[PDB]
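To start, the structure under review is shown below, and the notes come after it.
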Amino acid sequence: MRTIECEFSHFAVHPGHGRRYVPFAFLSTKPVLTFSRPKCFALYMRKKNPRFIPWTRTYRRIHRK
Amino acid sequence: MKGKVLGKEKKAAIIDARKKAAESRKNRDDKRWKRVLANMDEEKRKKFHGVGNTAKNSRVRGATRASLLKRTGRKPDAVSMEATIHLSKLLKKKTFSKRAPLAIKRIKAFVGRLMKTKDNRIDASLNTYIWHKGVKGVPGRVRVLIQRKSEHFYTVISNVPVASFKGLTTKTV
Amino acid sequence: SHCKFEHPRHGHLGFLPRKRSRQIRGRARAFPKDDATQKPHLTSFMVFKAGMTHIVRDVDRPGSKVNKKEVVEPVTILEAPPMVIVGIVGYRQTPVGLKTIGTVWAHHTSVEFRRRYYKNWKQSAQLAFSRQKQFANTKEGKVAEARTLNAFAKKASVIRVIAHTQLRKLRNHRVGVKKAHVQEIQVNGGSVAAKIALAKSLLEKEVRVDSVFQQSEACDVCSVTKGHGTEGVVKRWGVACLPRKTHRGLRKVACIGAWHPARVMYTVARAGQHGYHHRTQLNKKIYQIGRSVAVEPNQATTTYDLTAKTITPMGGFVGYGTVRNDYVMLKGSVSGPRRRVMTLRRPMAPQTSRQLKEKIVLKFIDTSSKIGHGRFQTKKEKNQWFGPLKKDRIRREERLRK
RNA sequence: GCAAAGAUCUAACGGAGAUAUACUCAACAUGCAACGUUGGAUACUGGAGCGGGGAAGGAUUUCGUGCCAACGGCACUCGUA
RNA sequence: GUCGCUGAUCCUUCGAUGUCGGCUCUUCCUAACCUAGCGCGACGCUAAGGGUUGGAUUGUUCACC
RNA sequence: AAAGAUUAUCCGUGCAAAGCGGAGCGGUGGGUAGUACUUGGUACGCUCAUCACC
RNA sequence: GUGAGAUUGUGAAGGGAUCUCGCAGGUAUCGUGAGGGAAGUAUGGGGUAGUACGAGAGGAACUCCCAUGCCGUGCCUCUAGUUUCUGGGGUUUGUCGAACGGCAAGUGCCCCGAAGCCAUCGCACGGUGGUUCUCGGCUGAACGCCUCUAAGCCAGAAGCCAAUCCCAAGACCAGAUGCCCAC
RNA sequence: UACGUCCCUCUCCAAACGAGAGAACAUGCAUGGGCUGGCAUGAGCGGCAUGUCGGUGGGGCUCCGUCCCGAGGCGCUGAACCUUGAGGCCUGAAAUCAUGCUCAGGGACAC
Ligand SMILES: [K+]
Ligand SMILES: [Mg+2]
Ligand SMILES: [Mg+2]
Ligand SMILES: [Mg+2]
Ligand SMILES: [Mg+2]
Ligand SMILES: [Mg+2]
Ligand SMILES: [Mg+2]
Ligand SMILES: [Mg+2]
Ligand SMILES: [Mg+2]
Ligand SMILES: [Mg+2]
Ligand SMILES: [Mg+2]
């Protein structure tokens with residue numbers, strides 16, 4: 001299959017891992033969101049911004065380099 | 001066989017027959033790997049990486065590790081060692097109100113197996129270190145100085161305060 | 001009075017008694033029927049369980065909504081070093097069953113085979129097979145071997161070989177045992193003379209798993225389940241729990257019999273041993289027969305996934321370690337824990353259904369870590385995510401002063 | 001069966017209560033378990049207190065020196081014995 | 001017409017055999033509701049191997065939706 | 001379960017007819033060179049070396 | 001014959017008789033299988049086919065494919081549950097002069113959390129033949145007509161028996177085999 | 001008599017206790033290193049000391065500027081700590097595992 005990126009952290013999700021979620025207020029271009037970890041889903045529920053969590057790709061790209 | 005049944009000299013002979021004969025020779029005969037490898041097409045069928053004792057940071061193929069260690073006279077009565085004990089793996093999921101006493105018993109058993117003694121005396125500094133965070137808060141690691149003595153042998157075990165436990169190994173002082 | 005409402009009973013009465021198995025190895029209680037038309041061949045092999053993982057494949061099945069689509073399937077990995085053949089036995093039919101005629105032993109045996117006759121091999125005299133060894137090569141011993149082979153030829157109807165495992169070649173640190181496992185393997189096909197010829201040809205030699213089994217066939221598995229000790233009735237038999245306000249406990253069978261018969265019957269559930277039972281399991285399809293890593297490092301590389309990697313996951317198989325020999329990949333699960341020895345057997349049931357005849361082609365084999373939620377397939381992938389770390393900076397600043 | 005009231009550890013001293021051995025044997029694998037006092041450590045009661053004084057009831061149970069047969073449902077070198 | 005397969009007594013037990021219904025669990029029967037075969041849309045023969053449910057009101061068994 | 005001066009040579013054969021057959025070459029250690037096997041551990045050709053059976 | 005005892009109620013030593021049992025097995029593998037247990041079972045769809053049958057209306061079925069319900073035996077790759085790894089972090093009241101380190105609140109409380117265990121809340125697997133009943137026939141008389149029966153044969157049920165599957169020599173296996181002792 | 005078996009001792013695919021599977025100077029055990037994973041950026045310093053660039057704070061004291069009090073913020077810092085124990089991996093593919101301890105094992109049967 002194809003490898004998918006996690007919605008919150010952009011961790012790579014390989015075939016047979018993770019969990020997919022579809023919200024009621026769905027976006028037409030991304031009906032389904034993929035989560036690599038329960039920790040990532042919990043942060044997304046609490047509505048944190050990935051750019052402030054130091055172990056995410058967003059944070060690493062804006063700060064480290 | 002029993003060393004009080006056979007003489008000490010007889011017991012020595014049986015050990016020698018196995019140690020130098022049919023074990024040491026096999027080693028010298030299987031040396032023939034050099035003869036075969038030198039003839040084997042270079043590269044070519046060189047897929048014989050491990051065999052021949054030609055490899056980086058590997059074991060001595062053909063003999064055990066214990067058969068190569070240096071043997072020495074028995075250690076003297078008075079001897080001093082320094083060691084680290086990993087108490088965390090010994091006290092996992094133990095009932096909370098029993099952790100410090102059980103730690104005392106485990107330390108005694110560890111030192112007793114090491115030094116072949118039944119009389120292991122805990123110094124005040126070590127007892128205080130083991131108890132200094134209450135009955136449930138025993139530290140994960142401890143560093144001990146062990147001194148053996150003869151009056152009947154016994155040990156005195158005491159604490160060695162350290163700043164970090166990283167990189168330290170068992171020493172004889 | 002009849003019961004008000006009805007349900008099926010709990011548990012299968014054909015698996016009684018629920019007692020501990022007599023031995024730890026799986027032994028085949030029967031072998032597939034002998035068809036004299038075929039070429040002589042062996043019918044089983046011994047392997048060791050090392051963890052499981054999962055794969056991806058496309059499905060070839062007309063009429064199914066999953067036709068030509070990718071599915072994920074879990075698999076079990078079993079390590080299979082070659083076996084060694086040490087003896088030949090024969091059996092004759094009698095009105096009371098099969099009887100052993102004799103045994104032909106090989107001229108030389110291994111130390112690992114001979115260790116199986118002792119409890120303390122190192123501190124012993126180590127004299128097993130010494131008299132047989134010296135007698136078998138004189139003039140009379142040769143005559144006796146000829147005699148027993150002729151008795152096999154005249155009177156035998158079943159031929160089996162004695163084989164044993166090679167733990168020194170297994171090279172595993174958590175399998176503590178050093179004495180070999182021994183078993184009889186029946187020779188099927190041909191006539192009695194052809195069977196004897198094959199068994200005599202492969203004496204004192206070793207046999208690989210790929211010479212007994214092929215990639216896309218199926219097999220039966222004989223093994224012993226995991227033990228759980230003394231278990232209560234709710235877990236052992238699956239009966240229902242009682243209501244909360246029940247005096248004297250809830251995890252019981254309420255009524256264990258009627259007034260008549262004035263007895264407890266063998267059909268009622270009671271507390272006792274659960275687990276450590278022998279089982280024979282039927283149709284396990286072979287997905288891959290893998291070569292040794294020393295010979296071919298790219299064990300888990302497929303045609304569609306060109307990444308170079310071995311069958312061992314990052315961090316090793318939990319509680320087992322590295323797979324270093326030949327191995328087999330089976331679809332699904334098998335009874336027993338990691339590190340236990342099991343027997344593969346050629347199948348008994350008909351193999352004519354579409355699912356059993358299908359040809360299998362793997363597309364992806366998972367090698368992420370089984371500790372935690374593994375998200376990298378290789379160490380190189382992990383090193384691409386994290387750049388250089390502080391430990392690496394220290395290593396590269398203290399390995400350059402020299 | 002002796003499971004409510006959270007819990008003890010360590011050294012020295014004391015004591016018949018030990019470090020108690022036939023050959024062989026350096027020490028482990030052939031004397032275990034348990035106690036009083038002092039010092040140190042760790043906890044508990046938590047002022048409606050396992051604090052300090054009285055009435056009713058009890059009557060020497062109070063103090064010192066000894067002793068350890070019986071009694072203190074385990075133990076004692078200790079005791080309201 | 002024909003021919004077959006609740007009561008009444010007081011034998012045991014008053015120096016005591018724990019009295020309704022439900023829950024749980026096992027087993028047996030056939031006078032066959034379903035599943036399996038036959039003969040004639042319904043009716044009959046063989047067959048007890050496997051199965052035969054969730055709820056409202058009522059302490060109810062029954063009954064009724 | 002085996003068949004024979006009353007169960008007191010060996011295979012072959014049908015409880016036959018015939019046909020064989022009866023220093024050597026085994027277990028162990030020492031050199032010596034190539035091979036086979038999953039490749040450290042076993043076999044195999046020469047060669048002495050102590051025990052052997054007959 | 002050969003060894004060891006004892007001869008058991010009033011002292012200490014000597015030698016006689018009888019009695020008793022010891023005089024051959026031990027230890028370690030691979031198998032056989034009498035007997036006993038015993039299990040798989042339902043529903044839907046496809047196509048067969050809008051075909052056969054029918055004035056029309058309407059409207060079948062077997063081989064063979066694909067799923068699902070229940071039941072059974074396991075397993076832990078994934079997803080979900082569980083934490084006294086008191087793992088890492090956060091946070092309240094008290095407390096060691098402060099910081100550091102912590103500690104008390106019988107696990108203070110909150111989040112995340114490996115390994116292990118575990119769910120029709122996840123995943124895997126669930127075999128073959130003989131006979132014979134109701135019944136359908138064939139040859140065939142009694143009763144030279146006739147008749148599936150009187151002899152005799154053939155097909156035939158989710159029944160019964162066996163096998164596959166589980167236990168297995170008080171079923172006392174001169175079944176085979178490694179080593180030591182005895183003869 | 002001998003071959004051997006059991007206890008003590010060590011390991012955990014077994015386990016209420018027996019019984020089982022193993023080992024019996026062995027990378028066996030211990031400690032350390034590396035991996036794999038968990039949490040989420042340690043203590044201390046200083047905003048000029050970190051990696052030819054980039055360097056706080058609502059407010060408030062003192063004698064213009066300068067020196068101080070201040071929750072939180074930034075840098076060193078994907079830091080620090082933990083990682084086998086009822087019992088994860090590596091000393092035998094490749095590219096990377098090191099040291100330390102054992103110094104006649106003891107007892108009972110076999111008899
Ligand atoms: K008791
Ligand atoms: Mg277990
Ligand atoms: Mg009640
Ligand atoms: Mg895991
Ligand atoms: Mg008690
Ligand atoms: Mg209590
Ligand atoms: Mg308090
Ligand atoms: Mg008392
Ligand atoms: Mg039977
Ligand atoms: Mg306190
Ligand atoms: Mg606390």
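Every chain in the structure tokens has a letter given in the order shown (A, B, ...), and although residue numbers restart at 1 in each chain, ligands are simply numbered from 1 in the order shown.
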
**Report entry** Backbone DSSP call of strand (DSSP E) for segment 30-149 of chain B, listed as a PyMOL selection string
**Finding:** chain B and resi 79-86+120-122+141-149

Requested in this report: Return as a ChimeraX atom specification the residues of protein, DNA or RNA that approach ligand 5 to within 12 Å, with only C-alpha atoms (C1' of nucleotides) and all ligand atoms taken into account.
Outcome: /D:1-3,74

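Here atom CA of residue 32 of chain C stands at a distance of 27.4 Å from atom CA of residue 291 of chain C.
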
Query - Proximal residues of chain H relative to chain A (only C-alpha atoms (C1' of nucleotides); 12 Å) as a list in words - result: residues 39, 40, 41, 51, 77, 78 and 79 of chain H

Any chance you could export the current selection's N, CA, C and O atoms (P, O5', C5', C4', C3', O3' and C1' of nucleotides) as a PDB file, in the first residue's frame?
```
ATOM      1  P     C H  39       5.184   8.344  25.305  1.00  0.00           P
ATOM      2  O5'   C H  39       5.619   9.397  26.410  1.00  0.00           O
ATOM      3  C5'   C H  39       5.056   9.403  27.713  1.00  0.00           C
ATOM      4  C4'   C H  39       5.921  10.188  28.662  1.00  0.00           C
ATOM      5  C3'   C H  39       6.106  11.664  28.329  1.00  0.00           C
ATOM      6  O3'   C H  39       5.100  12.462  28.933  1.00  0.00           O
ATOM      7  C1'   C H  39       8.212  10.646  28.732  1.00  0.00           C
ATOM      8  P     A H  40       4.603  13.844  28.289  1.00  0.00           P
ATOM      9  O5'   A H  40       5.906  14.732  28.141  1.00  0.00           O
ATOM     10  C5'   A H  40       6.517  15.387  29.248  1.00  0.00           C
ATOM     11  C4'   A H  40       7.799  16.054  28.824  1.00  0.00           C
ATOM     12  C3'   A H  40       7.626  17.306  27.969  1.00  0.00           C
ATOM     13  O3'   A H  40       8.759  18.148  28.155  1.00  0.00           O
ATOM     14  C1'   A H  40       8.779  15.689  26.732  1.00  0.00           C
ATOM     15  P     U H  41       8.630  19.746  28.254  1.00  0.00           P
ATOM     16  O5'   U H  41      10.128  20.202  28.507  1.00  0.00           O
ATOM     17  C5'   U H  41      10.865  19.671  29.598  1.00  0.00           C
ATOM     18  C4'   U H  41      12.343  19.585  29.312  1.00  0.00           C
ATOM     19  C3'   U H  41      13.043  20.895  28.977  1.00  0.00           C
ATOM     20  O3'   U H  41      14.353  20.854  29.527  1.00  0.00           O
ATOM     21  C1'   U H  41      13.367  19.362  27.222  1.00  0.00           C
ATOM     22  P     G H  51      26.874  25.435  21.100  1.00  0.00           P
ATOM     23  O5'   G H  51      26.195  25.789  19.711  1.00  0.00           O
ATOM     24  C5'   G H  51      24.824  25.494  19.479  1.00  0.00           C
ATOM     25  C4'   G H  51      24.259  26.310  18.342  1.00  0.00           C
ATOM     26  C3'   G H  51      24.637  25.829  16.949  1.00  0.00           C
ATOM     27  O3'   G H  51      23.577  26.124  16.042  1.00  0.00           O
ATOM     28  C1'   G H  51      25.489  28.009  17.291  1.00  0.00           C
ATOM     29  P     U H  77      23.673  21.291  24.091  1.00  0.00           P
ATOM     30  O5'   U H  77      22.181  21.166  23.553  1.00  0.00           O
ATOM     31  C5'   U H  77      21.577  19.893  23.347  1.00  0.00           C
ATOM     32  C4'   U H  77      20.088  19.916  23.595  1.00  0.00           C
ATOM     33  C3'   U H  77      19.324  21.116  23.035  1.00  0.00           C
ATOM     34  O3'   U H  77      18.004  20.690  22.691  1.00  0.00           O
ATOM     35  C1'   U H  77      18.983  20.992  25.345  1.00  0.00           C
ATOM     36  P     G H  78      17.486  20.657  21.175  1.00  0.00           P
ATOM     37  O5'   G H  78      16.747  19.255  21.058  1.00  0.00           O
ATOM     38  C5'   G H  78      17.474  18.041  21.096  1.00  0.00           C
ATOM     39  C4'   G H  78      16.675  16.919  21.707  1.00  0.00           C
ATOM     40  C3'   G H  78      17.158  15.516  21.372  1.00  0.00           C
ATOM     41  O3'   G H  78      18.108  15.039  22.309  1.00  0.00           O
ATOM     42  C1'   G H  78      14.773  15.684  21.148  1.00  0.00           C
ATOM     43  P     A H  79      19.670  15.400  22.242  1.00  0.00           P
ATOM     44  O5'   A H  79      19.936  16.173  23.612  1.00  0.00           O
ATOM     45  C5'   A H  79      19.537  15.608  24.853  1.00  0.00           C
ATOM     46  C4'   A H  79      19.483  16.623  25.969  1.00  0.00           C
ATOM     47  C3'   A H  79      19.691  16.077  27.369  1.00  0.00           C
ATOM     48  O3'   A H  79      21.045  15.816  27.676  1.00  0.00           O
ATOM     49  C1'   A H  79      17.910  17.628  27.376  1.00  0.00           C
TER      50        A H  79
END
```

At most 10 Å to chain C: residues in chain E, only C-alpha atoms (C1' of nucleotides), as a PDB file with C-alpha atoms (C1' of nucleotides), in the first residue's frame:
```
ATOM      1  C1'   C E  23     -31.690 -17.430  38.251  1.00  0.00           C
ATOM      2  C1'   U E  24     -27.522 -21.099  37.120  1.00  0.00           C
ATOM      3  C1'   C E  25     -26.033 -26.035  35.129  1.00  0.00           C
ATOM      4  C1'   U E  26     -26.171 -30.996  33.252  1.00  0.00           C
ATOM      5  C1'   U E  27     -28.686 -35.031  31.369  1.00  0.00           C
ATOM      6  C1'   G E  50     -28.204 -30.351  15.689  1.00  0.00           C
ATOM      7  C1'   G E  51     -31.547 -26.192  17.223  1.00  0.00           C
ATOM      8  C1'   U E  52     -35.859 -23.898  19.417  1.00  0.00           C
ATOM      9  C1'   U E  53     -34.909 -16.046  20.810  1.00  0.00           C
TER      10        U E  53
END
```

Requested in this report: Please check which protein, DNA or RNA residues sit within 8 Å of ligand 3, counting only C-alpha atoms (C1' of nucleotides) and all ligand atoms, and write them as a PyMOL selection string.
Outcome: chain C and resi 245-247

Requested in this report: Write out as a PyMOL selection string the residues lying within 12 Å of segment 103-115 of chain G, counting only C-alpha atoms (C1' of nucleotides) and excluding same-chain residues fewer than 3 positions away.
Outcome: (chain A and resi 37-43+46) or (chain B and resi 93+95-97+131-137) or (chain C and resi 318-319+370-374) or (chain D and resi 6-7+42-44) or (chain G and resi 83-96) or (chain H and resi 36-40+82-88)

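In this comparison, which uses only C-alpha atoms, the residue of C:126, C:343, C:216, C:76 approaching chain B most closely is C:126.
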
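Taking atom CA of residue 394 of chain C and atom CA of residue 369 of chain C as the two end points, the separation is 26.9 Å.
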
Report task. Could the residues of chain H within 12 Å of chain C, counting only C-alpha atoms (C1' of nucleotides), be given as a VMD selection string, please? Result -> chain H and resid 2 to 6 11 to 16 19 to 28 34 to 38 76 to 79 83 to 84 87 to 95 105

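In this model, the gap between atom CA of residue 134 of chain C and atom CA of residue 181 of chain C comes to 25.0 Å.
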
Query raised in the report: Mind listing as JSON, numbers by chain which residues of chain D are within 12 Å of chain B, counting only C-alpha atoms (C1' of nucleotides)?
Result: {"D": [6, 7, 8, 9, 10, 11, 12, 19, 23, 24, 25, 26, 27, 28, 29, 39, 40, 41, 42, 43]}

**Report entry** Residue list for chain F near chain B as JSON, numbers by chain, 9 Å, only C-alpha atoms (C1' of nucleotides)
**Finding:** {"F": [29, 33, 34, 39, 40, 41]}
